[PDB]
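What follows is a single structure, written as structure tokens, with notes after it.
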Amino acid sequence: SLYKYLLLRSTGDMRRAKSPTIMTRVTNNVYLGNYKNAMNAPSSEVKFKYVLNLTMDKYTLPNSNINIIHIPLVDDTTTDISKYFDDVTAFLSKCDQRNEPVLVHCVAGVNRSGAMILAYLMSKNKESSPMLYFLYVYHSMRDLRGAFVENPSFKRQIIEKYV
């Protein structure tokens, strides 16, 4: 019934894209969100230690002792993001090992952040066929969030790295 789900999703049964709303917890400590979720991170009962800001501009969070890490990524179809995969997944892995919650976000929480989260989940897959796991993670996250890594260059780079 998961095979049926993936096969229908993969042969023309995708929904129209919608903007994500609430944050999505993806692992014990790692969360995916948009700019509003980042602005709300200092007041979240999750107790974030880090925020990974993938937008083009640095910002600060006044009351907060959160450590904001800035990695500006370009959401277009020519620019490389693969040079960041290993450093980003190693940092996210460390947060999960240390139980230090981290929010990964861009502006809409679809492409730049979605791609780093997809890379992390691929990097943690030890038991499944990478092709199957990619389809499962892709379709399941898109259905949960409304839109997820719509950028086809980003999907291509993740496939080249992990599949």
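Throughout, read-outs are computed from the coordinates displayed, never taken from laboratory work. Ideal geometry is used to build each Cβ from the backbone, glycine not excepted, and the neighbour counts take in all protein chains shown.
Quick notes on this structure:
- Across segment 1-16, the number of residues qualifying as part of a helix (DSSP H, G or I) and of a type outside the set (S, T, N, Q) comes to 8.
- Among the residues of segment 75-85, just one is surrounded by 17 or more Cβ atoms within 10 Å (Cβ to Cβ) and acidic (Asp, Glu), namely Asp75.
- Per the listing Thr60, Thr27, the residue uniquely assigned to a loop (DSSP other than H, G, I, E, B) and in contact with a helix residue (DSSP H, G or I) (Cβ under 8 Å, 6 or more places away or on another chain) is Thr27.
- Checked against the criterion of being more than 21 Å from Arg16 (Cβ to Cβ) and either free of Cβ contacts under 8 Å to residues at least 24 places away in the same chain or in contact with an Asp or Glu (Cβ under 6 Å, 6 or more places away or on another chain) (or both), the candidates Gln97, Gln157 yield just one match: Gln97.
- Extreme residue, surrounded by the fewest Cβ atoms within 10 Å (Cβ to Cβ), among residues of segment 31-52 that are under 17 Å from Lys94 (Cα atoms) and out of contact with any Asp or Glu (no Cβ under 6 Å at 6 or more places or on another chain): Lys47
- Answer from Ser1, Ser10 - the residue that is polar (S, T, N, Q) and without any contact (Cβ under 8 Å) to a residue 12 or more places away in the chain: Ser1
- Considering (1) of a type outside the set (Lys, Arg); (2) closer than 16 Å to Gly33 by Cα; (3) assigned to a helix (DSSP H, G or I); (4) in contact with an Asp or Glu (Cβ under 8 Å, 6 or more places away or on another chain), the lone condition that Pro72 does not fulfil carries the number (3).
- The residues on offer are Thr27, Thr21, and the sole one that is loosely packed, with under 15 Cβ neighbours inside 10 Å, under 16 Å from the mean Cα position of the chain (by Cα) and not basic (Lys, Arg) is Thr21.
- Long-range neighbours under 9 Å by Cβ, at least six apart or interchain, first residue under 10 Å from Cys106 (Cβ atoms) within segment 22-39, second surrounded by fewer than 16 Cβ atoms within 10 Å (Cβ to Cβ) and among the charged types (D, E, K, R): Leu32/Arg25
- Look at segment 70-93: where a residue is free of Cβ contacts under 8 Å to residues at least 40 places away in the same chain and a partner is in a loop (DSSP other than H, G, I, E, B) and surrounded by fewer than 11 Cβ atoms within 10 Å (Cβ to Cβ), sitting 6+ places away or on another chain with Cβ atoms under 8 Å, you get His70/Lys58; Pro72/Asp57.
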